[PDB]
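Before any comments, here is the structure.
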Amino acid sequence: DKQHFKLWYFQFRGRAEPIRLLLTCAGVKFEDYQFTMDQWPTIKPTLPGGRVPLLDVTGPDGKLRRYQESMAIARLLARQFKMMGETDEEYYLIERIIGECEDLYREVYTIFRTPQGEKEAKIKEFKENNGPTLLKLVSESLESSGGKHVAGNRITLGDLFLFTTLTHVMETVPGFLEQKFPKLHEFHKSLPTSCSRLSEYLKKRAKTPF
Ligand SMILES: N[C@@H](CCC(=O)N[C@@H](CS)C(=O)NCC(=O)O)C(=O)O
Ligand SMILES: [Br-]
Ligand SMILES: [Br-]
Ligand SMILES: [Br-]
């Protein structure tokens with residue numbers, strides 16, 4: 001095996017995490033290269049597009065292909081690992097949850113980026129407005145497919161991207177998911193029991209601010 005995966009990103013979960021969880025669940029060993037802010041300006045001018053995540057895949061031929069755009073990388077891997085759905089219906093369910101979670105991710109990232117400062121106002125707005133609306137969609141989606149998995153009865157990218165986005169809600173709007181959307185909180189508790197590689201990884205993962 002000349003085979004090798006190297007993922008490039010800051011010391012942060014953010015856009016890279018769904019790729020880390022997918023490779024973990026697939027049992028694919030990879031070099032998880034997380035560089036510091038001080039290192040970035042001398043790494044940046046060497047990468048295509050000047051942005052991360054980037055996944056460098058050295059295939060069995062020994063040749064290197066460099067892939068951009070976190071959820072394009074995650075979907076291509078997911079398809080390879082049969083985690084993108086087994087029917088068109090499953091594929092649509094995964095896509096529906098990923099679209100809804102992209103919206104939710106933006107809202108919580110905006111809170112995370114808000115000065116200390118002025119955060120509490122943005123949190124209260126979230127709880128009263130786009131929070132309930134997005135979280136109701138996500139809850140209805142997951143309920144429609146049985147509460148444990150977004151699609152089929154096995155872990156998919158839809159589940160993993162739901163999981164990482166619910167982690168962000170739990171950390172940035174503490175208590176809100178647990179009180180207002182108990183089924184989504186139950187999903188967040190349950191999912192790791194559906195891949196023991198996931199659970200061990202989350203146990204040992206470094207703490208980051210997002
Ligand atoms: N939609 C892109 C977003 C990528 C992105 O936001 N990259 C930021 C990560 S903090 C970045 O590389 N910033 C460094 C810079 O632009 O110099 C994806 O999901 O890959
Ligand atoms: Br996570
Ligand atoms: Br995360
Ligand atoms: Br609450």
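In the structure tokens, the first chain shown is A, the next is B, and so on; residue numbers restart at 1 for each chain, and ligands run from 1 in the order shown.
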
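Near residue 188 in chain A, within 8 Å and counting only C-alpha atoms, sit residues 163, 166 and 167 of chain A, not including residues fewer than 6 positions from it in the same chain.
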
At a cut-off of 8 Å, using only C-alpha atoms, what residues contact residue 24 in chain A? Leave out same-chain residues fewer than 5 positions from it and give the result as an MDAnalysis selection string. chainID A and resid 29 197:198 201

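With only C-alpha atoms taken into account, the protein and nucleic acid residues at most 10 Å from residue 30 in chain A (excluding it and anything under 5 positions from it in its own chain) are residues 3, 4, 5, 6, 7, 20, 23, 24, 55, 56 and 57 of chain A.
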
Could you pull the residues within 12 Å of residue 44 in chain A, counting only C-alpha atoms, minus those fewer than 4 positions along the same chain, as JSON, numbers by chain? {"A": [8, 9, 10, 35, 36, 37, 38, 39, 40, 48, 49, 50, 51, 52, 53, 54]}

Can you write just those residues out, N, CA, C and O atoms, as a PDB file, in the first residue's frame?
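Output saved as selection_4.pdb:
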ATOM      1  N   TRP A   8      -5.369  18.382   6.026  1.00  0.00           N
ATOM      2  CA  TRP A   8      -4.829  19.647   6.466  1.00  0.00           C
ATOM      3  C   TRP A   8      -5.872  20.584   7.101  1.00  0.00           C
ATOM      4  O   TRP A   8      -6.818  20.868   6.413  1.00  0.00           O
ATOM      5  N   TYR A   9      -5.690  21.080   8.364  1.00  0.00           N
ATOM      6  CA  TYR A   9      -6.603  22.094   8.842  1.00  0.00           C
ATOM      7  C   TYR A   9      -5.978  22.756  10.093  1.00  0.00           C
ATOM      8  O   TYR A   9      -4.831  22.429  10.475  1.00  0.00           O
ATOM      9  N   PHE A  10      -6.622  23.860  10.467  1.00  0.00           N
ATOM     10  CA  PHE A  10      -6.273  24.443  11.749  1.00  0.00           C
ATOM     11  C   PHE A  10      -6.553  23.472  12.909  1.00  0.00           C
ATOM     12  O   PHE A  10      -7.107  22.342  12.726  1.00  0.00           O
ATOM     13  N   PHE A  35      -2.392  22.432  12.022  1.00  0.00           N
ATOM     14  CA  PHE A  35      -1.320  23.410  12.240  1.00  0.00           C
ATOM     15  C   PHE A  35      -1.756  24.610  13.046  1.00  0.00           C
ATOM     16  O   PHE A  35      -2.931  24.895  13.139  1.00  0.00           O
ATOM     17  N   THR A  36      -0.786  25.377  13.620  1.00  0.00           N
ATOM     18  CA  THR A  36      -1.145  26.512  14.469  1.00  0.00           C
ATOM     19  C   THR A  36      -1.403  27.751  13.602  1.00  0.00           C
ATOM     20  O   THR A  36      -0.965  27.812  12.416  1.00  0.00           O
ATOM     21  N   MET A  37      -2.052  28.765  14.196  1.00  0.00           N
ATOM     22  CA  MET A  37      -2.274  30.054  13.503  1.00  0.00           C
ATOM     23  C   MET A  37      -0.943  30.680  13.051  1.00  0.00           C
ATOM     24  O   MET A  37      -0.885  31.344  11.983  1.00  0.00           O
ATOM     25  N   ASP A  38       0.130  30.504  13.838  1.00  0.00           N
ATOM     26  CA  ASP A  38       1.412  31.165  13.520  1.00  0.00           C
ATOM     27  C   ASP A  38       2.059  30.506  12.291  1.00  0.00           C
ATOM     28  O   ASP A  38       2.781  31.147  11.538  1.00  0.00           O
ATOM     29  N   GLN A  39       1.767  29.224  12.087  1.00  0.00           N
ATOM     30  CA  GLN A  39       2.325  28.486  10.957  1.00  0.00           C
ATOM     31  C   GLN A  39       1.550  28.798   9.677  1.00  0.00           C
ATOM     32  O   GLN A  39       2.100  28.668   8.593  1.00  0.00           O
ATOM     33  N   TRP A  40       0.286  29.177   9.801  1.00  0.00           N
ATOM     34  CA  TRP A  40      -0.565  29.281   8.601  1.00  0.00           C
ATOM     35  C   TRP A  40      -0.002  30.176   7.520  1.00  0.00           C
ATOM     36  O   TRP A  40      -0.022  29.779   6.300  1.00  0.00           O
ATOM     37  N   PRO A  48      -3.453  24.687  -2.956  1.00  0.00           N
ATOM     38  CA  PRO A  48      -4.362  25.207  -3.981  1.00  0.00           C
ATOM     39  C   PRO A  48      -5.527  25.983  -3.435  1.00  0.00           C
ATOM     40  O   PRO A  48      -6.207  25.484  -2.512  1.00  0.00           O
ATOM     41  N   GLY A  49      -5.704  27.210  -3.881  1.00  0.00           N
ATOM     42  CA  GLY A  49      -6.806  28.046  -3.384  1.00  0.00           C
ATOM     43  C   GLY A  49      -6.496  28.820  -2.098  1.00  0.00           C
ATOM     44  O   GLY A  49      -7.283  29.703  -1.665  1.00  0.00           O
ATOM     45  N   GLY A  50      -5.357  28.513  -1.469  1.00  0.00           N
ATOM     46  CA  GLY A  50      -4.977  29.259  -0.248  1.00  0.00           C
ATOM     47  C   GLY A  50      -5.976  29.020   0.938  1.00  0.00           C
ATOM     48  O   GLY A  50      -6.057  29.820   1.879  1.00  0.00           O
ATOM     49  N   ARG A  51      -6.632  27.843   1.012  1.00  0.00           N
ATOM     50  CA  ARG A  51      -7.655  27.595   2.008  1.00  0.00           C
ATOM     51  C   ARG A  51      -7.660  26.109   2.385  1.00  0.00           C
ATOM     52  O   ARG A  51      -7.228  25.266   1.624  1.00  0.00           O
ATOM     53  N   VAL A  52      -8.155  25.807   3.574  1.00  0.00           N
ATOM     54  CA  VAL A  52      -8.330  24.440   4.078  1.00  0.00           C
ATOM     55  C   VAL A  52      -9.821  24.246   4.555  1.00  0.00           C
ATOM     56  O   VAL A  52     -10.568  25.252   4.746  1.00  0.00           O
ATOM     57  N   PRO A  53     -10.246  23.009   4.751  1.00  0.00           N
ATOM     58  CA  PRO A  53      -9.496  21.718   4.730  1.00  0.00           C
ATOM     59  C   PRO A  53      -9.021  21.380   3.302  1.00  0.00           C
ATOM     60  O   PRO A  53      -9.633  21.789   2.319  1.00  0.00           O
ATOM     61  N   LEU A  54      -7.966  20.553   3.246  1.00  0.00           N
ATOM     62  CA  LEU A  54      -7.471  19.968   2.005  1.00  0.00           C
ATOM     63  C   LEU A  54      -7.195  18.498   2.454  1.00  0.00           C
ATOM     64  O   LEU A  54      -6.625  18.283   3.521  1.00  0.00           O
TER      65      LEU A  54
END

Within-9 Å residues of ligand 3, basis only C-alpha atoms and all ligand atoms, as a tab-separated table (two decimals) with C-alpha atoms, in the first residue's frame:
chain	number	residue	atom	x	y	z
A	12	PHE	CA	-10.14	23.20	15.20
A	13	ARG	CA	-13.08	20.92	14.47
A	14	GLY	CA	-15.10	23.37	12.25
A	15	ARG	CA	-15.37	22.30	8.57
A	16	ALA	CA	-12.74	19.48	8.86
A	17	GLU	CA	-14.53	17.37	11.57
A	18	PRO	CA	-17.05	15.55	9.34
A	161	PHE	CA	-22.75	15.84	9.78
A	163	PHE	CA	-23.82	14.80	14.90
A	164	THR	CA	-21.09	17.44	14.47
A	165	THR	CA	-23.63	20.26	13.96
A	166	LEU	CA	-25.61	19.17	17.17
A	167	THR	CA	-22.22	19.21	19.05
A	168	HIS	CA	-21.87	22.85	17.99
A	208	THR	CA	-10.84	22.89	20.58
A	210	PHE	CA	-15.13	25.05	17.78

Nearby residues (only C-alpha atoms) at most 9 Å from range 110-118 of chain A, same-chain spacing under 3 positions excluded, as a ChimeraX atom specification: /A:105-107,121-123,126,172-173,209-210

Can you pull out every residue with an atom within 10 Å of ligand 4? Use only C-alpha atoms and all ligand atoms and format it as a count of residues only. 11

Excluding residue 154 in chain A and its own-chain neighbours fewer than 2 positions away, which residues fall within 12 Å of it when counting only C-alpha atoms? Please give them as an MDAnalysis selection string. chainID A and resid 25 82:86 90 94 145:152 156:160 191:195

Just the selected residues (C-alpha atoms), exported as a PDB file, in the first residue's frame, please.
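Output saved as selection-v9.pdb:
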ATOM      1  CA  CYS A  25     -15.859   5.331  11.065  1.00  0.00           C
ATOM      2  CA  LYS A  82     -21.083   3.300   0.846  1.00  0.00           C
ATOM      3  CA  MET A  83     -22.185   5.953   3.445  1.00  0.00           C
ATOM      4  CA  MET A  84     -24.072   8.217   0.936  1.00  0.00           C
ATOM      5  CA  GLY A  85     -27.221   6.095   0.804  1.00  0.00           C
ATOM      6  CA  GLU A  86     -28.159   2.856  -0.988  1.00  0.00           C
ATOM      7  CA  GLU A  90     -31.736   7.492   1.130  1.00  0.00           C
ATOM      8  CA  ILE A  94     -28.952  12.504   3.641  1.00  0.00           C
ATOM      9  CA  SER A 145     -36.619   8.270   9.316  1.00  0.00           C
ATOM     10  CA  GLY A 146     -37.050   6.633  12.831  1.00  0.00           C
ATOM     11  CA  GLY A 147     -34.972   8.716  15.215  1.00  0.00           C
ATOM     12  CA  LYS A 148     -31.674   6.704  15.138  1.00  0.00           C
ATOM     13  CA  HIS A 149     -30.421   7.270  11.574  1.00  0.00           C
ATOM     14  CA  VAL A 150     -31.023   9.886   8.937  1.00  0.00           C
ATOM     15  CA  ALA A 151     -31.210   7.172   6.245  1.00  0.00           C
ATOM     16  CA  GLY A 152     -31.167   3.380   6.091  1.00  0.00           C
ATOM     17  CA  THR A 156     -24.100   7.641   6.889  1.00  0.00           C
ATOM     18  CA  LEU A 157     -22.511  11.026   6.237  1.00  0.00           C
ATOM     19  CA  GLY A 158     -25.951  12.529   7.042  1.00  0.00           C
ATOM     20  CA  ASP A 159     -25.687  11.171  10.530  1.00  0.00           C
ATOM     21  CA  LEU A 160     -22.129  12.295  11.002  1.00  0.00           C
ATOM     22  CA  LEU A 191     -25.045   7.763  17.580  1.00  0.00           C
ATOM     23  CA  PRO A 192     -21.548   6.835  18.951  1.00  0.00           C
ATOM     24  CA  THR A 193     -23.008   3.544  20.180  1.00  0.00           C
ATOM     25  CA  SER A 194     -23.535   2.862  16.322  1.00  0.00           C
ATOM     26  CA  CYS A 195     -19.755   2.899  15.662  1.00  0.00           C
TER      27      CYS A 195
END

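Closest to residue 64 in chain A among A:2, A:98, A:108, A:137 is A:2, based on only C-alpha atoms.
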
DSSP helix (DSSP H, G or I) residues within range 2-204 of chain A, listed as a ChimeraX atom specification: /A:14-25,40-46,48-50,70-80,88-112,119-128,130-144,157-172,176-180,182-194,196-204

Generate the output file for the selected residues, C-alpha atoms, as a compact mmCIF listing (two decimals), in the first residue's frame.
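That gives us again-v6.txt:
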# COMPACT_ATOMS: atom_id res chain seq x y z
CA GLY A 14 -15.10 23.37 12.25
CA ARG A 15 -15.37 22.30 8.57
CA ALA A 16 -12.74 19.48 8.86
CA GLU A 17 -14.53 17.37 11.57
CA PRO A 18 -17.05 15.55 9.34
CA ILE A 19 -14.11 14.29 7.24
CA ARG A 20 -12.27 13.11 10.43
CA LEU A 21 -15.36 11.31 11.61
CA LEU A 22 -16.01 9.70 8.26
CA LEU A 23 -12.40 8.36 7.97
CA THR A 24 -12.58 7.18 11.60
CA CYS A 25 -15.86 5.33 11.06
CA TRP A 40 -0.56 29.28 8.60
CA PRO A 41 0.93 32.25 6.72
CA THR A 42 3.85 30.10 5.49
CA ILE A 43 1.60 27.12 4.62
CA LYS A 44 -1.16 29.14 2.90
CA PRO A 45 0.79 30.22 -0.27
CA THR A 46 1.60 26.54 -1.02
CA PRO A 48 -4.36 25.21 -3.98
CA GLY A 49 -6.81 28.05 -3.38
CA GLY A 50 -4.98 29.26 -0.25
CA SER A 70 -14.85 20.04 3.01
CA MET A 71 -18.27 18.59 2.22
CA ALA A 72 -17.24 17.76 -1.51
CA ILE A 73 -14.31 15.75 0.05
CA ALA A 74 -16.72 14.19 2.62
CA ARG A 75 -19.34 13.23 -0.02
CA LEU A 76 -16.70 11.70 -2.37
CA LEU A 77 -15.28 9.62 0.56
CA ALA A 78 -18.76 8.79 1.79
CA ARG A 79 -19.79 7.46 -1.61
CA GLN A 80 -16.56 5.34 -1.73
CA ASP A 88 -32.15 7.52 -4.34
CA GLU A 89 -34.55 7.99 -1.41
CA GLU A 90 -31.74 7.49 1.13
CA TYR A 91 -29.53 9.83 -0.84
CA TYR A 92 -32.25 12.52 -0.71
CA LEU A 93 -32.72 12.05 3.10
CA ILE A 94 -28.95 12.50 3.64
CA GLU A 95 -28.91 15.54 1.43
CA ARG A 96 -31.98 17.05 3.14
CA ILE A 97 -30.31 16.82 6.60
CA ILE A 98 -27.02 18.11 5.36
CA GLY A 99 -28.76 21.22 3.76
CA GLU A 100 -30.68 21.92 6.97
CA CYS A 101 -27.52 21.36 9.15
CA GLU A 102 -25.49 23.75 6.81
CA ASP A 103 -27.94 26.46 7.82
CA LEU A 104 -27.73 25.58 11.48
CA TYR A 105 -23.87 25.40 11.33
CA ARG A 106 -23.75 29.00 9.98
CA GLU A 107 -25.94 30.26 12.81
CA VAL A 108 -23.85 28.70 15.56
CA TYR A 109 -20.56 29.65 13.93
CA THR A 110 -21.78 33.26 13.85
CA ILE A 111 -22.42 33.02 17.62
CA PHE A 112 -18.97 31.49 18.20
CA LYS A 119 -22.73 36.95 22.25
CA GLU A 120 -25.54 36.80 24.78
CA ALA A 121 -27.84 38.95 22.61
CA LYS A 122 -27.14 36.72 19.53
CA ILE A 123 -27.84 33.58 21.63
CA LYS A 124 -31.16 34.91 22.82
CA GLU A 125 -32.10 35.80 19.20
CA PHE A 126 -31.15 32.27 18.11
CA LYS A 127 -33.25 30.63 20.87
CA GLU A 128 -36.30 32.70 19.95
CA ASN A 130 -33.84 30.71 13.65
CA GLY A 131 -32.89 28.12 16.35
CA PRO A 132 -36.38 26.69 16.78
CA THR A 133 -37.12 27.00 13.14
CA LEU A 134 -34.01 25.10 12.00
CA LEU A 135 -34.00 22.64 14.85
CA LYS A 136 -37.72 21.81 14.22
CA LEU A 137 -36.84 20.96 10.62
CA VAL A 138 -33.92 18.86 11.65
CA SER A 139 -36.02 17.09 14.33
CA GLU A 140 -38.87 16.38 11.87
CA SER A 141 -36.38 15.04 9.33
CA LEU A 142 -34.78 12.64 11.79
CA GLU A 143 -38.20 11.58 13.18
CA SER A 144 -39.42 10.76 9.67
CA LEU A 157 -22.51 11.03 6.24
CA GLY A 158 -25.95 12.53 7.04
CA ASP A 159 -25.69 11.17 10.53
CA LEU A 160 -22.13 12.30 11.00
CA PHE A 161 -22.75 15.84 9.78
CA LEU A 162 -25.94 15.98 12.01
CA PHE A 163 -23.82 14.80 14.90
CA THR A 164 -21.09 17.44 14.47
CA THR A 165 -23.63 20.26 13.96
CA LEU A 166 -25.61 19.17 17.17
CA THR A 167 -22.22 19.21 19.05
CA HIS A 168 -21.87 22.85 17.99
CA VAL A 169 -25.41 23.72 19.19
CA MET A 170 -24.72 21.96 22.52
CA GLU A 171 -21.50 23.88 23.05
CA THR A 172 -22.61 27.27 21.86
CA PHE A 176 -31.08 24.49 24.62
CA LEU A 177 -31.01 21.28 22.65
CA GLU A 178 -31.36 19.21 25.81
CA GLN A 179 -34.47 21.09 26.93
CA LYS A 180 -36.23 22.01 23.63
CA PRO A 182 -34.93 16.06 23.37
CA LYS A 183 -35.05 13.61 20.38
CA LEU A 184 -32.03 15.36 18.78
CA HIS A 185 -30.19 15.22 22.12
CA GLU A 186 -31.06 11.45 22.34
CA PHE A 187 -29.61 11.10 18.78
CA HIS A 188 -26.39 12.86 19.81
CA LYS A 189 -26.10 10.39 22.85
CA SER A 190 -27.00 7.33 20.77
CA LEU A 191 -25.05 7.76 17.58
CA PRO A 192 -21.55 6.83 18.95
CA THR A 193 -23.01 3.54 20.18
CA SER A 194 -23.53 2.86 16.32
CA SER A 196 -17.35 1.99 18.45
CA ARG A 197 -14.48 3.56 16.47
CA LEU A 198 -16.44 6.83 16.77
CA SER A 199 -16.86 6.56 20.48
CA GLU A 200 -13.18 5.84 21.18
CA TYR A 201 -12.15 8.69 18.85
CA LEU A 202 -14.43 11.26 20.54
CA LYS A 203 -13.10 10.09 23.93
CA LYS A 204 -9.49 10.88 22.91

Of A:61, A:68, A:207, A:81, the one nearest to ligand 2 when counting only C-alpha atoms and all ligand atoms is A:207

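When atom 17 (O, counted along the ligand's line) of ligand 1 is paired with CA of residue 47 in chain A, their separation reads 10.4 Å.
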
Expected answer as a PyMOL selection string: strand (DSSP E or B) residues in range 22-209 of chain A: chain A and resi 31-35+54-58+64-68

Export of prior selection with N, CA, C and O atoms as a CSV table (one decimal), in the first residue's frame:
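For reference, result.csv as written:
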chain,number,residue,atom,x,y,z
A,31,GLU,N,-3.3,10.8,8.4
A,31,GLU,CA,-2.4,11.8,9.1
A,31,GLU,C,-3.3,13.0,9.3
A,31,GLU,O,-3.8,13.6,8.3
A,32,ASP,N,-3.6,13.3,10.6
A,32,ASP,CA,-4.5,14.4,10.9
A,32,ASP,C,-3.6,15.7,11.2
A,32,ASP,O,-3.3,15.9,12.4
A,33,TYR,N,-3.3,16.4,10.2
A,33,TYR,CA,-2.3,17.5,10.3
A,33,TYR,C,-3.0,18.8,10.7
A,33,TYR,O,-3.8,19.4,9.9
A,34,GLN,N,-2.9,19.1,12.0
A,34,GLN,CA,-3.6,20.4,12.5
A,34,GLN,C,-2.5,21.4,12.8
A,34,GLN,O,-1.8,21.2,13.8
A,35,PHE,N,-2.4,22.4,12.0
A,35,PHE,CA,-1.3,23.4,12.2
A,35,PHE,C,-1.8,24.6,13.0
A,35,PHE,O,-2.9,24.9,13.1
A,54,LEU,N,-8.0,20.6,3.2
A,54,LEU,CA,-7.5,20.0,2.0
A,54,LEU,C,-7.2,18.5,2.5
A,54,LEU,O,-6.6,18.3,3.5
A,55,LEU,N,-7.6,17.6,1.6
A,55,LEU,CA,-7.2,16.2,1.8
A,55,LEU,C,-6.3,15.7,0.6
A,55,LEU,O,-6.7,15.8,-0.5
A,56,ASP,N,-5.1,15.3,1.0
A,56,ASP,CA,-4.2,14.7,0.0
A,56,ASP,C,-4.3,13.2,0.1
A,56,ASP,O,-4.1,12.7,1.2
A,57,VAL,N,-4.6,12.6,-1.0
A,57,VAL,CA,-4.8,11.2,-1.1
A,57,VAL,C,-3.7,10.7,-2.0
A,57,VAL,O,-3.6,11.0,-3.2
A,58,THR,N,-2.9,9.8,-1.5
A,58,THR,CA,-1.8,9.1,-2.3
A,58,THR,C,-2.4,7.7,-2.6
A,58,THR,O,-2.8,6.9,-1.7
A,64,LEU,N,-0.4,11.4,-6.2
A,64,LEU,CA,-1.0,12.3,-5.1
A,64,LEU,C,-2.1,13.1,-5.8
A,64,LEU,O,-1.8,13.7,-6.8
A,65,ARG,N,-3.3,13.1,-5.2
A,65,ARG,CA,-4.3,13.9,-5.7
A,65,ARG,C,-4.8,14.8,-4.5
A,65,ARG,O,-4.9,14.3,-3.4
A,66,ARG,N,-5.0,16.1,-4.7
A,66,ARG,CA,-5.2,17.0,-3.6
A,66,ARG,C,-6.7,17.5,-3.7
A,66,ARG,O,-7.0,18.1,-4.8
A,67,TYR,N,-7.5,17.3,-2.7
A,67,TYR,CA,-9.0,17.6,-2.8
A,67,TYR,C,-9.4,18.7,-1.9
A,67,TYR,O,-8.9,18.8,-0.7
A,68,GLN,N,-10.2,19.7,-2.4
A,68,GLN,CA,-10.6,20.9,-1.7
A,68,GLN,C,-12.1,20.8,-1.4
A,68,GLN,O,-12.8,19.9,-2.0

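Using only C-alpha atoms and all ligand atoms, the smallest distance between any of A:26, A:69, A:153, A:60 and ligand 1 comes from A:69.
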
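A straight line drawn from CA of residue 62 in chain A to atom 20 (O, counted along the ligand's line) of ligand 1 is 25.1 Å long.
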